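K.L.:
This one's a deposited entry, sequence included:
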Amino acid sequence: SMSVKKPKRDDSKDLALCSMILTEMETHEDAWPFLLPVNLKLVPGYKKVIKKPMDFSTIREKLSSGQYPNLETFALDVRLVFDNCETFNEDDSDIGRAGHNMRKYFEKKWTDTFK
């Protein structure tokens, strides 16, 4: 509350560390469905169904340009990529499986880096 703060967590390395995580996600072999925005002209249904499209390149541009106010807003966009994927793809598809794998990979890096 006013003039009453918890001790100050050091957040000065967060930008760099989210960048590194993102690099590792970008270079994973199962990243291919997520590297670029889904082409809304060429994928019937995507535009109407997925209200908030998100992909690694869009996260990279937002990160590089100071559009994440904190590390939680960064995690929310990463998770959105996988939630979108689950919404549009069957679990038993290559892309469906990619999404589960990448989410697992992300969540571990996230815990190990920050928790």
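P.N.:
Thanks, I have the structure now. Residues are numbered from 1 along each chain as shown.

K.L.:
Next, the buried residues of the longest helix along the chain.
P.N.:
Longest helix in the chain, counting residues (DSSP state H): helix 94-114. Across helix 94-114, burial judged by 16 or more other C-beta atoms under 10 Å covers 96, 98-99, 102-103, 105-106, 109-110. For every residue, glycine as well, the C-beta is placed using N, CA and C.

K.L.:
mind listing the helices for this structure?
P.N.:
Using DSSP H, helices in the chain cover 14-27, 46-49, 56-64, 71-88, 94-114.

K.L.:
Format these as CSV; extra columns: distance to residue 8.
P.N.:
Formatted as CSV, these follow (distance: least, C-beta to C-beta, whole Å):
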stretch, distance to residue 8
helix 14-27, 13
helix 46-49, 43
helix 56-64, 23
helix 71-88, 15
helix 94-114, 16
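
K.L.:
now for these, which one comes closest to residue 4?
P.N.:
helix 71-88 (22.1 Å; C-beta to C-beta).

K.L.:
And the contacts of that closest one?
P.N.:
Identification of contacts with helix 71-88 by C-beta atoms under 8 Å, 6 or more residues apart in numbering yields 11, 14, 18, 22, 25, 33-34, 45-46, 49-50, 52-56, 58-59, 62-63, 68, 95-96, 98-100, 102-103, 106, 110, 114.

K.L.:
Grab the CA positions of it and hand them over as CSV.
P.N.:
Listed next in CSV are the C-alpha coordinates belonging to helix 71-88 (Å, rounded to 0.1, in the frame of the first residue of the first chain):
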residue,chain,number,x,y,z
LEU,A,71,8.1,-10.5,-18.0
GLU,A,72,4.5,-11.6,-17.3
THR,A,73,3.1,-9.9,-20.4
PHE,A,74,5.9,-11.7,-22.4
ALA,A,75,4.8,-15.1,-21.0
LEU,A,76,1.2,-14.4,-21.8
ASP,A,77,2.1,-13.9,-25.6
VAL,A,78,4.2,-17.0,-25.6
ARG,A,79,1.3,-19.0,-24.0
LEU,A,80,-1.1,-17.4,-26.5
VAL,A,81,0.8,-19.0,-29.4
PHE,A,82,0.2,-22.4,-27.9
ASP,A,83,-3.4,-21.8,-26.9
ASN,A,84,-4.1,-20.7,-30.4
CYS,A,85,-2.4,-23.8,-31.7
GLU,A,86,-4.6,-26.0,-29.5
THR,A,87,-7.8,-24.2,-30.5
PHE,A,88,-7.1,-24.8,-34.3
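
K.L.:
Nothing else from me, thank you.
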